[PDB]
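J.: One structure coming up, written as structure tokens, with questions to follow.
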Amino acid sequence: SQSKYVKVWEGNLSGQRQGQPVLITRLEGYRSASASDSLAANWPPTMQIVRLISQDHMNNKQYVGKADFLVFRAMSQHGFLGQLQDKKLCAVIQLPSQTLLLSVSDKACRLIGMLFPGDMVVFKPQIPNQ
């Protein structure tokens, strides 16, 4: 598609470590157009974090040009202050098809996320592969 951002809304409850669910109901999220529409269209309501990503990892704009962006918009949360006050980050989601990173910083009612390819990028030509 052709755009810069894409906000989508949905509802579910699944997203923890070790393949565990999460306390969620209905929230929205804004992802950089750098991602595919089908992503939010059939986005998996269940996340599985097995790693940890710091805010310093997403501080690299030299990687946001080849990858997509994902932001979680919520009205409530728990523990957000802890990290945001400690180092300001979150856990990373390791998918067998792709790689998503979750890091909460300077956002109590929001979360920072990154969409990376499952080690199958067609990087080669010029311009930021969209």
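Each value in this text was obtained by applying a stated rule to the coordinates, not by laboratory testing. When we count neighbours, we look across all protein chains shown, and the Cβ atoms used for this are built from the backbone with ideal geometry, even at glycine.
J.: What about residue 97, is it touching a helix residue (DSSP H, G or I) at 6+ places or on another chain (Cβ under 7 Å) and hydroxyl-bearing (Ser, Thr, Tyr)?
T.: Numbers: touching a helix residue (DSSP H, G or I) at 6+ places or on another chain (Cβ under 7 Å): no; hydroxyl-bearing (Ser, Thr, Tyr): yes.
It is false that residue 97 is touching a helix residue (DSSP H, G or I) at 6+ places or on another chain (Cβ under 7 Å) and hydroxyl-bearing (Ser, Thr, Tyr).
J.: Which residues, counting only those in the range 49-88, are under 18 Å from residue 28 (Cα atoms) and basic (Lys, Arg)?
T.: Of the range 49-88, the ones under 18 Å from residue 28 (Cα atoms) are 68-78, 80.
Result: 73, single match.
J.: For residue 91, all conditions in the list (1) over 18 Å from residue 29 (Cβ atoms); (2) surrounded by 11 or more Cβ atoms within 10 Å (Cβ to Cβ) hold save one; what is the number of the exception?
T.: (1)
J.: Another question about this same structure. From the list 82, 113, exactly one residue is more than 11 Å from the chain's Cα centre (by Cα) and either loosely packed, with under 14 Cβ neighbours inside 10 Å or not aromatic (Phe, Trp, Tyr) (or both). Which is it? Don't jump to the end; show me each part of the working.
T.: On the way: 113 fails: more than 11 Å from the chain's Cα centre (by Cα).
That would be 82, the only listed residue that is more than 11 Å from the chain's Cα centre (by Cα) and either loosely packed, with under 14 Cβ neighbours inside 10 Å or not aromatic (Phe, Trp, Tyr) (or both).
J.: I would also like to ask the following. I'd like to verify a number: residues in the range 116-130 that are hydrophobic (A, V, I, L, M, F, W, C), without any contact (Cβ under 8 Å) to a residue 24 or more places away in the chain and closer than 19 Å to residue 95 by Cα, how many? Spell out the reasoning first.
T.: Our first condition is that a residue be hydrophobic (A, V, I, L, M, F, W, C); within the range 116-130, this holds for 116, 120-123, 127.
Now drop any that are not without any contact (Cβ under 8 Å) to a residue 24 or more places away in the chain, which leaves 120, 122, 127.
Checking which are closer than 19 Å to residue 95 by Cα leaves us with 120, 122.
The total comes to 2.
J.: All but one of (1) under 15 Å from the mean Cα position of the chain (by Cα); (2) loosely packed, with under 15 Cβ neighbours inside 10 Å hold for residue 99, so report the exception by its number.
T.: Unmet condition: (2).
J.: Further question on the same structure: Condition (residue is surrounded by fewer than 17 Cβ atoms within 10 Å (Cβ to Cβ) and touching a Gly at 6+ places or on another chain (Cβ under 8 Å)) applied to the range 46-65: is it met by at least one residue?
T.: Yes - at least one qualifying residue is present in the range 46-65.
J.: If residue 74 passes every condition in (1) small (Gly, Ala, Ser); (2) loosely packed, with under 14 Cβ neighbours inside 10 Å; (3) touching a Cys at 6+ places or on another chain (Cβ under 7 Å) but one, which one does it miss?
T.: With respect to (1) small (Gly, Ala, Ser); (2) loosely packed, with under 14 Cβ neighbours inside 10 Å; (3) touching a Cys at 6+ places or on another chain (Cβ under 7 Å), residue 74 is out only on (2).
J.: May I ask you to list the residues in the range 37-53 that are part of a loop (DSSP other than H, G, I, E, B) and more than 13 Å from the chain's Cα centre (by Cα)?
T.: The first filter runs over the range 37-53 and keeps only residues part of a loop (DSSP other than H, G, I, E, B), leaving 42-46.
Passing the criteria: only 42.
J.: If you don't mind, another one. Quick check on residue 52: is it of a type in the set (A, V, I, L, M), free of Cβ contacts under 8 Å to residues at least 40 places away in the same chain and closer than 25 Å to residue 121 by Cβ?
T.: no
J.: Considering (1) farther than 21 Å from residue 9 by Cα; (2) touching a residue at least 40 places away in the same chain (Cβ under 8 Å); (3) acidic (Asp, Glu), say which one residue 68 fails and leave the rest.
T.: (1)
J.: Return only the number of the condition from (1) among the aliphatic types (A, V, I, L, M); (2) within 15 Å of the chain's Cα centre (by Cα); (3) closer than 24 Å to residue 12 by Cα that residue 58 does not satisfy.
T.: The number of the failed condition is (3).
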